[PDB]
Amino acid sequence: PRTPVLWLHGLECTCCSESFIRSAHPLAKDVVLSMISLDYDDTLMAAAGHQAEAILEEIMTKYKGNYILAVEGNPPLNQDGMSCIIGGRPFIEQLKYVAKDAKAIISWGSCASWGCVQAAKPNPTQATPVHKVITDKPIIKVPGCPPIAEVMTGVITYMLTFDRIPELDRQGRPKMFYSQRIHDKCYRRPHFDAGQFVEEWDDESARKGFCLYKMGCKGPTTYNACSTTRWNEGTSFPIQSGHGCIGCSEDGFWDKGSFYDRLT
């Protein structure tokens, strides 16, 4: 029997769900048909309304302490929680309810992990990451906006293969994907080491793939697999395509100053 996943959505842009289906190894099709049972997910599920909500009750009962709760997005605490409404009630109530009997909780993306864009100043909805509301359950943070597809499916695959949470760092991120800074293995590192930098967009240095540090690249302070695993089956990553890393897997990256201001 395949492990049930209940995939909830709070305040979000749905980038994590979209990234998930880009996975090539394994294919999202094979994950859904052969690895998990994706029993609730607003993006893809046939049932709506009362029929959708009934699924939660059924799976929680039959698979108590054996389903994975995946959360994309986050709960707002302002507006009496009704800046995110599900079934006429605050999303935070759904989150707490489904969390109670979960075997494990995955915080997908920077929204669920840290807050992401809606939590940037002045955070009008008081959007709050999952671990600050659910404080009694094991939570794995998979940050990034969105995370790499293979990172998402890689986390699921590990959990299903071993029935264990992968080794986490102090911030709750899986070390198998988040142990390295982008800057460690970035292919532009030899230019950085030789002081070869882009100074203006589309200058001669940019056309030669020089380092993007002076254009604001946050690779040196950002932990992710972007330089090595890369994006969309290793086709590129932000730096290869010519834009500095904006630090999108790091807590509070929206409020660390302009993306184009260099690290000091």
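The first residue of the sequence shown is number 1, and the count goes up from there.
As listed in the deposited structure, the average C-alpha B-factor of 28-36 and of 205-213 is greater for 28-36. When the two stretches 132-140 and 159-167 are set side by side, the higher mean Cα temperature factor goes to 132-140. Of the candidates 54, 70, 226, 198, it is 54 whose Cα B-factor is highest according to the PDB record.
Set against one another, the Cα B-factors of 108, 91, 178, 97 in the record reach their highest point at 97. In the deposited entry, the Cα temperature factor of residue 154 sits in the middle third of values across the chain's modelled residues.
Residue 43: CA B factor in the highest third of modelled residues in this chain (values from the PDB entry). In this PDB entry, residue 85 carries a Cα temperature factor that places it within the lowest third of its chain's modelled residues. Remark: residue 221 belongs to the middle third of its chain, ranked by C-alpha B-factor as recorded. Per the deposited record, the Cα B-factor of residue 66 falls in the highest third when ranked against the other modelled residues of its chain.
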